[PDB]
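*Asks:* Take this structure first; my questions come after.
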Amino acid sequence: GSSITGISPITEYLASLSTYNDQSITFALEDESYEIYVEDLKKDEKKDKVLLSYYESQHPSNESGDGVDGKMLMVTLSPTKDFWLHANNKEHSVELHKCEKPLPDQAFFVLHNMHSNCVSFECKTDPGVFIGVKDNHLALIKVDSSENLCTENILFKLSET
Numbered sequence: 000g001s002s003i004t005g006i007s008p009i010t011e012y013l014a015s016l017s018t019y020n021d022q023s024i025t026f027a028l029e030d031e032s033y034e035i036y037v038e039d040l041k042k043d044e045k046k047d048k049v050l051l052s053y054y055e056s057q058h059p060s061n062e063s064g065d066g067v068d069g070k071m072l073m074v075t076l077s078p079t080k081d082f083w084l085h086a087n088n089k090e091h092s093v094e095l096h097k098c099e100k101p102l103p104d105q106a107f108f109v110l111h112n113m114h115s116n117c118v119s120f121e122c123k124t125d126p127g128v129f130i131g132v133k134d135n136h137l138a139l140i141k142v143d144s145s146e147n148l149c150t151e152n153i154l155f156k157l158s159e160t
């Protein structure tokens, strides 16, 4: 009856999101405001790191799914404590929100490989949508798996410091 809840975390580590344009995503947290903007890098300066975690989805056999030996690995990004990255379809943008322990489908983002070390975050509840820097902040970039392969804005980089 359910295949979303009841899972377990694979691995957790710190990693800052960096655009393919050699830029890092700055998460400014005010008294109660949430401002996000991408800043350009120059030297090896330890910027804001986001707590990323991996999650594996288990599909039922002999019923529905028909896997091909390669379950999609989801990922959760948390630059703060209880506030996680949630994809708001309202304005097609990602905002930090504090929800209960049972994280919704809008929390787990299916990670996908793009380049040698580049990665992209895909929406599990809304396939076809990938996280990415829109104008100058994080937003939901609607990109296809072929009709739009040339998209540097949807290219993320992880730094293991």
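The opening residue of the sequence shown carries number 0 in the entry's author numbering; numbering runs sequentially from there. A virtual CB, placed ideally from N, CA and C, is assigned to each residue, including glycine.
Pull the bridge partners of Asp-39 from the DSSP assignment, please.
*Replies:* DSSP output for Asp-39 lists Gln-22 as bridge partner(s).
*Asks:* For the beta strand (DSSP E) containing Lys-97, name the first residue and the last one.
*Replies:* Looking at the DSSP string, the run of the beta strand (DSSP E) that includes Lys-97 is 92-97.
*Asks:* Would you call the segment 36-43 and the segment 54-61 touching, i.e. three or more CB-CB distances under 8 Å?
*Replies:* The segment 36-43 vs the segment 54-61: no contact.
*Asks:* Determine the extent of the beta strand (DSSP E) in which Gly-131 is found, giving its start and end residues.
*Replies:* Segment 128-132, the beta strand (DSSP E) holding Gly-131.
*Asks:* For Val-37 versus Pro-78, is the C-beta distance shorter than 9 Å?
*Replies:* Their beta carbons are not under 9 Å apart, which means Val-37 does not touch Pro-78 by this criterion.
*Asks:* Which same chain residues end up closer than 8 Å to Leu-102 when comparing Cβ atoms and leaving out the 5 residues on each side of it in sequence?
*Replies:* Here the set comprises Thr-75 and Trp-83.
*Asks:* Compute the Euclidean distance between the alpha carbons of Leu-157 and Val-132, then round it to the nearest angstrom.
*Replies:* Computed Cα separation, rounded: 15 Å.
*Asks:* My output table needs one value for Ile-153: the three-state DSSP class, helix, strand or coil.
*Replies:* In the structure shown, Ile-153 sits in a helix (DSSP, three-state: H, G or I).
*Asks:* Rounded to the nearest angstrom, what separates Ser-144 and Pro-59 at their Cα positions?
*Replies:* Distance between the alpha carbons of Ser-144 and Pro-59: 26 Å.
*Asks:* By alpha-carbon positions, which one of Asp-125, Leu-137, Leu-154 and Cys-149 ends up nearest to residue 162?
*Replies:* Since the first and last residues shown for the chain are 0 and 160, residue 162 lies out of range.
*Asks:* Can you tell which of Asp-47, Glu-34, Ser-32 and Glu-29 has its C-alpha closest to the C-alpha of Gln-22?
*Replies:* Ranking the options by Cα distance to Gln-22, first place goes to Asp-47.
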